[PDB]
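Engineer: Just passing along the structure, written as structure tokens.
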Amino acid sequence: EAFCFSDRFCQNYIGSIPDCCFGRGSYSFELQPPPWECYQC
Ligand SMILES: *C(=O)[C@@H]1CCC(=O)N1
């Protein structure tokens, strides 16, 4: 599963959860990713 972040710019990682985006944050396939991997929710 992708790494999930609560904040838009993948600053706050909240673990990798099945729901992933509880809020409209971001997620990525790399914990603290490059700009292009910082996929917003
Ligand atoms: C998530 O994309 C992958 C698939 C299983 C796991 O633990 N990570």
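We label chains A, B, ... in the order they appear in the structure tokens, count residues from 1 in each chain, and number ligands from 1 in the order shown.
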To test your reading of the structure, identify every residue in chain A that backbone DSSP assigns to strand (DSSP E), and report it as a VMD selection string.
Structural biologist: chain A and resid 3 to 5 26 to 28 39 to 40
Engineer: Env of segment 9-23 of chain A: 7 Å cut, atoms = only C-alpha atoms, seq-sep filter 5 positions within chain, self excluded. Answer as a count of residues only.
Structural biologist: 7
Engineer: I'd like the interatomic distance between atom CA of residue 39 of chain A and atom CA of residue 5 of chain A, to a tenth of an Å.
Structural biologist: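 The value is 9.4 Å.
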Engineer: Report as a ChimeraX atom specification all protein, DNA and RNA residues lying within 8 Å of residue 24 of chain A, evaluated on only C-alpha atoms, omitting residues in the same chain fewer than 5 positions from it.
Structural biologist: /A:6-8,40-41
Engineer: Hey, can you spit out that residue selection with N, CA, C and O atoms as an mmCIF file, in the first residue's frame?
Structural biologist:
data_model
loop_
_atom_site.group_PDB
_atom_site.id
_atom_site.type_symbol
_atom_site.label_atom_id
_atom_site.label_comp_id
_atom_site.auth_asym_id
_atom_site.auth_seq_id
_atom_site.Cartn_x
_atom_site.Cartn_y
_atom_site.Cartn_z
ATOM 1 N N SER A 6 -1.286 13.225 5.883
ATOM 2 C CA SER A 6 -2.439 14.029 6.248
ATOM 3 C C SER A 6 -2.366 15.406 5.608
ATOM 4 O O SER A 6 -3.393 16.018 5.297
ATOM 5 N N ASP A 7 -1.169 15.878 5.391
ATOM 6 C CA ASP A 7 -0.979 17.204 4.849
ATOM 7 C C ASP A 7 -0.664 17.131 3.386
ATOM 8 O O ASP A 7 -0.084 16.144 2.924
ATOM 9 N N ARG A 8 -1.001 18.188 2.678
ATOM 10 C CA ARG A 8 -0.944 18.243 1.207
ATOM 11 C C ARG A 8 0.411 17.942 0.635
ATOM 12 O O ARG A 8 0.514 17.256 -0.350
ATOM 13 N N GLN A 40 -1.502 14.217 -4.180
ATOM 14 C CA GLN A 40 -2.486 14.718 -3.283
ATOM 15 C C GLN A 40 -3.775 13.929 -3.355
ATOM 16 O O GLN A 40 -4.139 13.388 -4.404
ATOM 17 N N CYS A 41 -4.440 13.859 -2.245
ATOM 18 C CA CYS A 41 -5.698 13.190 -2.142
ATOM 19 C C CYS A 41 -6.781 14.176 -2.537
ATOM 20 O O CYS A 41 -6.889 15.244 -1.897
#
Engineer: In Å, with one decimal, what is the gap from atom 7 (O, counted along the ligand's line) of ligand 1 to atom CA of residue 27 of chain A?
Structural biologist: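 Atom-to-atom, atom 7 (O, counted along the ligand's line) of ligand 1 and atom CA of residue 27 of chain A are spaced 14.6 Å apart.
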